[PDB]
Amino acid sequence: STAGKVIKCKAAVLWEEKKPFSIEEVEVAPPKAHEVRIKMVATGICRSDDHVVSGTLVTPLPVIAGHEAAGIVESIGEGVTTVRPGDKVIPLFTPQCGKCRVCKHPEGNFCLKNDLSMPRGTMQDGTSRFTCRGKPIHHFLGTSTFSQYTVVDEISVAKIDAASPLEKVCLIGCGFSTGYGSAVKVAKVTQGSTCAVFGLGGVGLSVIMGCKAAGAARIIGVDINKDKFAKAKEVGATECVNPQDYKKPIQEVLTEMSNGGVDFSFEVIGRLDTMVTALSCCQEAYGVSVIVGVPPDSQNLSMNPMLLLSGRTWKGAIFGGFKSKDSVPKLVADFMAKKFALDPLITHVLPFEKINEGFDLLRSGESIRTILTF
C-alpha cells in the first residue's frame, strides 16, 4: 500500500541547535537502489543525540536525529538482498560495507562509508529522502530513527530475529553494544582484574555488564551523580565513588584504592579532563584505558606523554569495536538466549510524541535509557 510511494508521516525535526525537537509531518521518499525503508517500532534516547542539540556533536542541520532503534522493513529498493519487507531490523549507525580496508581487517569496525568523521547528513548517494515544509532535511549517521519511517542504505541495516522484542533490542543498536563491546572486545578485560568506569549512564552501565561478564574481580563506578550508584551496583559495580566527595584528584584516589592503578579504565562521559584522569588511574606499566565518550567538537586535550612511555595503552572505539552488520544479529540472538540483560538500562518508556520530555529526563540526570514507542 505504500511501496513505491512517498510516505507522509510524523518525525521529530531539529531545525537548529539548542531548541526542542519539532514533532511534525515529513515526506519520506521511497528507497532507491540498495536502500531500505523502515517502519520504526522503538527508539532509545542516547546522549549522542543530545550532543546534536547541544552543539557538542556537529552535523548538518536541519536534521532528523536518532540512531538507536528497531523497526520493520516496509519496502526495499532494487538490488537489496539482505532484508525483505516484514523483517525486523536494527539500523546501523556505523555501517559495514564489507569491501573497504577496515571491513576486511580482522579488528577494525569503523567502516570507511561512515558519516561520522566528515558528516554530510545524507544517504550514501549524497542526497536526502526527507522533506519537511518543502525543505530538504538532513539524515543523521545514515539512520535518522526519530521518525515513523526512515530510509537507510543496505550497509546500514541488519536483519534480526523475527521473534525479538523491538522495545528492548533497540538498545543493541547503540548503548548496550557500545558499552559491552568496549569492555569485552576493545579493552579485552581479564578475569580477576580491577576496572574503573567513569560515567554510569546507559553506556557506562553496559561497560559494567561487560566487565562483570569478563570476570573482573573489582569494578569501581565513578560518577558525580550519586543517584546513579544503586543501579551500577545492581549490574556489577563492587564500589562507587563520587569525585566531589574527595579533597584530592580522583586519579589519586583510584590509584590508592587499587594499590597502584587499575588494570582497565573506561571514559564513558565525554569530557577532556576525565579522559586524562581515566588514563592516569590505570597502572602505569600495563594499564589499559579506553575512551568511549564523545567530546565537544574541535577541542584538544593536554597530557604528559610519560603516562604512555611507562607502558600504558590508550585507545578508543565507536560502537564497542563491533563490526556492525555481523555483530548486531548475533547480539540479538544472545539476548534471546538470556546471555545478557537489557531491562536494567531502561528506566522510562514513553510514546514517541513525548520525545522532548525524554530528553528532559536525560538532561536532568533522572533517566538511564528512555525508549520511545511509535
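Residue positions are given as counts along the sequence shown, with the first one as 1. Here, rigid core means the biggest group of C-alpha atoms that superpose within 1.5 Å across both forms.
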item: Comparing 106-114 and 291-299 where Cα RMS over structures and residues is taken in 4 other deposited structures of this protein (core fit), larger one; value: 291-299
item: Stretch with greater C-alpha deviation in 4 other deposited structures of this protein, 238-246 versus 159-167 (rigid core superposition); value: 238-246
item: Comparing 293-301 with 209-217, the one whose average Cα B-factor in the PDB entry is higher; value: 293-301
item: Between 22-30 and 324-332 (mean CA B-factor, as deposited), the higher; value: 22-30
item: Candidate residues 260, 201, 270, 106, the one whose C-alpha B factor the record puts highest; value: 106
item: Chain thirds of CA B-factor: placement of residue 192; value: middle
item: Chain-wide C-alpha B factor ranking for residue 57, given as lowest, middle or highest third; value: highest
item: Residue 163 CA temperature factor, ranked by third within the chain; value: highest
item: Record-listed C-alpha B factor of residue 307: chain third; value: lowest
item: B-factor third for the C-alpha atom of residue 125 within its chain; value: highest
